[PDB]
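Here we start with a single chain on its own, the form deposited in one PDB entry, put down as structure tokens.
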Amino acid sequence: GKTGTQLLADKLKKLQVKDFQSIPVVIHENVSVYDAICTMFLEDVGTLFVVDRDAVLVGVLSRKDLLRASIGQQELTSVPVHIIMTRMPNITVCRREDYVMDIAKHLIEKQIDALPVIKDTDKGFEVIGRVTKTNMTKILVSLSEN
């Protein structure tokens, strides 16, 4: 590329998820909404990925979903999370080899803080990481130095 900003853009475009992921926080689908909330504060995350008895991705839960559940008219804190989780038709994943910038674009478009990183297996998607707006914020800071 011809200018220093173009060289910066080219490098940013090559960054891969495998290098900029966080550890994932995963709960089983039959854990209660209350237990999910406790896990969120225990682990200090704002998103949880939900898996089945084979540890395959079945759902995602955001802090907003849990607040909604907790404050509403129905008693939902006692129910299994699979009642309230976002399901697979509506879940976006990414893989280790994908580009960080393409994931950032998804975060912004889908108005969500985190995506799961998965590995394809014969049983479905195994969760191996998380990439978040916080990860992106860290990349931005690092640019200013080196």
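Shifts are known only where both forms have a C-alpha. The first residue of the shown sequence is 1; numbering continues from there. For clarity, a rigid core is taken as the largest C-alpha set superposing within 1.5 Å between two forms.
Original post:
Which has the highest CA B-factor per the PDB entry: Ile91, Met101, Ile118, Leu67?
Top reply: The C-alpha B-factor peaks, among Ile91, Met101, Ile118, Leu67, at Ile91.
**OP:** Could you look up the Cα B-factor of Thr39 in the entry and say which third of the chain it sits in: lowest, middle or highest?
**Re:** It belongs to the middle third of the chain when residues are ordered by C-alpha B-factor.
**OP:** Give the position of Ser142 by CA B-factor within its chain, expressed as the lowest, middle or highest third.
**Re:** Ranked within chain, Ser142 CA B lands in the middle tercile.
Original post:
When the modelled residues of the chain are sorted by Cα temperature factor, does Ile23 land in the lowest, middle or highest third?
Top reply: Highest third of the chain for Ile23's C-alpha B-factor.
Subject >> Assigned third (lowest, middle, highest) for the C-alpha B factor of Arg53 >> reply: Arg53: CA B-factor falls in the highest third of its chain.
**OP:** Divide the modelled residues of the chain into thirds by Cα B-factor and specify which third, lowest, middle or highest, holds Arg130.
**Re:** Highest third, going by the recorded CA B-factors of the chain.
Unshown form deposited in another entry; subsequent notes refer to it.
Original post:
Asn30: with the rigid core matched between the shown form and the other one, does its Cα shift 2 Å or more?
Top reply: Comparing forms between the shown form and the other one, the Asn30 CA shifts below 2 Å.
Original post:
If you line up the core, does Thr39 shift 2 angstroms or more at its C-alpha between the shown form and the other one?
Top reply: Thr39: C-alpha displaced by less than 2 Å between the shown form and the other one.
Original post:
Taking the rigid core as reference, does the Cα of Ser62 move 2 Å or more between the shown form and the other one?
Top reply: No.
**OP:** Give me the stretches of at least three consecutive residues whose Cα atoms move by 2 Å or more between the shown form and the other one once the core is superposed.
**Re:** The runs that move are 5-11, 72-78.
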